[PDB]
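A quick write-up on the structure given underneath.
Side chains are part of it too, since the values below use all heavy atoms of this structure and drop only hydrogens, waters and symmetry mates. The first residue in the sequence is number 1, and the count goes up from there.
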Amino acid sequence: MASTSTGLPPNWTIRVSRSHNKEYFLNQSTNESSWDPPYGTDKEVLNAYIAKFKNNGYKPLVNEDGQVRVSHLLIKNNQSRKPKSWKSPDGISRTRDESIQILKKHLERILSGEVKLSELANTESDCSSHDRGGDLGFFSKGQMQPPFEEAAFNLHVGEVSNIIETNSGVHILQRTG
């Protein structure tokens, strides 16, 4: 029964008004904000989610094991840990700024719908998870790097993060569970 699904259609996530804590929905592809559940929403699932959401300190719900699952696209650089990857076996020399500009472009194409994060990760992610559609599987708090954990647990299932920087490089995350 317990679920982390919001019931919302792809591209949509949950946001809370800055005052009076009223929840609304945001389409990350169009930037449209709607107070009414968007067309295609599973009303029952969403209501159940919102009820728990407000009782969970207004934070995204986690699964039955206290975990969340995300896929990510990582672009490494010369000042991050382990500067090498399957696609750059002899070492990565691109700078931090270079990695950021590259990822910024990827993010725009993901949000626009031109491509899915999983497809880009397959050829562009410097993480070993590239051959798993960028999937990192389920994880608990305290297992991933702080900035990555913060981003991950603050995403609702289906939501795509903005650029997150860690000691491994820069990432884009998509919560899938």
Side-chain angles (χ1 to χ4, degrees), residues 3-15 25-32 38-42 45-46 49 59-77 80-89 92 94 96 98-141 143-177:
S3 174
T4 58
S5 179
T6 62
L8 298 165
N11 295 158
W12 294 85
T13 190
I14 299 171
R15 288 289 182 277
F25 316 100
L26 172 68
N27 183 310
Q28 297 189 281
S29 184
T30 60
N31 293 304
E32 178 192 8
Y39 166 70
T41 298
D42 185 317
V45 174
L46 177 62
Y49 187 95
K59 303 165 186 175
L61 308 185
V62 298
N63 82 349
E64 56 270 62
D65 297 311
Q67 300 178 149
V68 300
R69 183 181 189 157
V70 311
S71 288
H72 79 149
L73 173 52
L74 168 71
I75 305 294
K76 289 188 178 184
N77 57 55
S80 53
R81 293 170 183 166
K82 200 164 191 176
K84 58 178 181 180
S85 72
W86 66 281
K87 59 185 292 285
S88 291
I92 293 176
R94 77 174 65 90
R96 170 172 172 284
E98 286 180 299
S99 63
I100 290 171
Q101 289 315 301
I102 285 169
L103 197 53
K104 274 197 55 184
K105 289 184 173 182
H106 288 322
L107 184 53
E108 291 197 6
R109 294 189 70 232
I110 290 168
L111 298 179
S112 71
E114 301 176 30
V115 67
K116 288 291 187 172
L117 179 151
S118 61
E119 190 191 314
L120 288 186
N122 186 55
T123 60
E124 310 311 307
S125 183
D126 283 307
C127 180
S128 65
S129 66
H130 81 99
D131 58 15
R132 288 235 306 164
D135 178 52
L136 291 177
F138 278 101
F139 52 93
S140 305
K141 291 193 178 63
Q143 183 173 66
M144 299 294 202
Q145 294 181 67
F148 189 95
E149 176 180 308
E150 166 66 22
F153 284 82
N154 277 300
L155 295 174
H156 292 285
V157 173
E159 184 175 352
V160 176
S161 77
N162 285 302
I163 293 182
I164 304 303
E165 186 167 8
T166 71
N167 285 309
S168 300
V170 289
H171 328 228
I172 291 179
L173 287 63
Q174 180 183 326
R175 182 172 174 192
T176 59

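Within 6.0 Å of atom CD in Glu165, more than 12 heavy atoms from other residues, nucleotides or ligands are found, so the atom counts as buried in its surroundings. Summarising the local packing, NZ of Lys87 is surrounded by more than 12 heavy atoms from other residues, nucleotides or ligands at distances under 6.0 Å.
Taking all atoms of both residues into account, the shortest heavy-atom contact from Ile163 to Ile100 is CD1-O, 3.8 Å. Nearest approach of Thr176 to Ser71, heavy atoms of both residues: CG2-OG, 4.0 Å. Nearest heavy atoms, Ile102 versus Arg94: CD1-NE, 4.0 Å. Smallest separation of non-hydrogen atoms from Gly177 and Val157: C-CG2, 3.6 Å. For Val70 against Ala152, the heavy-atom pair with the smallest separation is CG1-CB, 4.0 Å. Heavy-atom minimum distance, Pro38 versus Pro9: CG-CD, 3.7 Å.
Using cut-offs of 30° and 60° for the angle between ring planes, the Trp86 and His130 rings count as parallel.
The OG atom of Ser125 sits 6.5 Å away from the CD1 atom of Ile75 when rounded to the nearest 0.5 Å. Rounded to the nearest 0.5 Å, atoms NE2 (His156) and NZ (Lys59) are 12.5 Å apart. To the nearest 0.5 Å, atom CD of residue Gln28 and atom CG of residue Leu26 are 6.0 Å apart. Distance check: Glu150 CD to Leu155 CG gives 9.5 Å after rounding to the nearest 0.5 Å. Rounding to the nearest 0.5 Å places OG of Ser129 at 7.5 Å from CG of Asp135. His72 NE2 to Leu117 CG: the interatomic distance, rounded to the nearest 0.5 Å, is 9.0 Å.
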Determine, stepwise, if the pair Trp12 / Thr41 fulfils side-chain contact (heavy atoms from CB on, under 4.5 Å). CA-CA 10 Å; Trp12 294 85; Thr41 298; over 6 Å; no
Show your reasoning for whether side-chain contact (heavy atoms from CB on, under 4.5 Å) applies to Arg175 and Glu159. CA-CA 6 Å; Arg175 182 172 174 192; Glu159 184 175 352; 5.5 Å; no
side-chain contact (heavy atoms from CB on, under 4.5 Å) between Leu173 and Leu136, intermediate numbers included: CA-CA 10 Å; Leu173 287 63; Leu136 291 177; over 6 Å; no
Please walk me through it: do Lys116 and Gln174 pass side-chain contact (heavy atoms from CB on, under 4.5 Å)? CA-CA 10 Å; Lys116 288 291 187 172; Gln174 180 183 326; 5.5 Å; no
Let's go through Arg109 and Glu119 carefully: what are the C-alpha distance in whole Å and the side-chain angles of both, what is the deciding distance for salt bridge (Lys or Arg N to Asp or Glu O under 4.0 Å) to 0.1 Å, and is it a yes or a no? CA-CA 11 Å; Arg109 294 189 70 232; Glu119 190 191 314; over 6 Å; no
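Using a distance-only test at 3.5 Å, with no hydrogens or angles considered, a donor-acceptor pair links the side chain of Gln145 to the main chain of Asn167. The backbone N or O of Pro147 lies less than 3.5 Å from no partner atom in the side chain of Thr166, so there is not a single donor-acceptor pair. Side chain of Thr4 to backbone of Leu61: no donor-acceptor contact under 3.5 angstrom is found. Although no hydrogens or angles enter the test, the distance criterion places no donor-acceptor pair under 3.5 Å between the side chain of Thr6 and the main chain of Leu46.
Remark: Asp131 engages no residue in a side-chain contact (heavy atoms from CB on, under 4.5 Å) (not counting sequence neighbours). In this structure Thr30 satisfies the side-chain contact (heavy atoms from CB on, under 4.5 Å) test together with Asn27, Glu32, sequence neighbours excluded. Annotation: side-chain contact (heavy atoms from CB on, under 4.5 Å) contacts of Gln67 (sequence neighbours excluded): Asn63, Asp65, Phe138, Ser140.
Checked options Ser85, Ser88, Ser168; the residue passing with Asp126 is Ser85 (criterion: side-chain hydrogen bond (donor to acceptor under 3.5 Å, both in side chains)).
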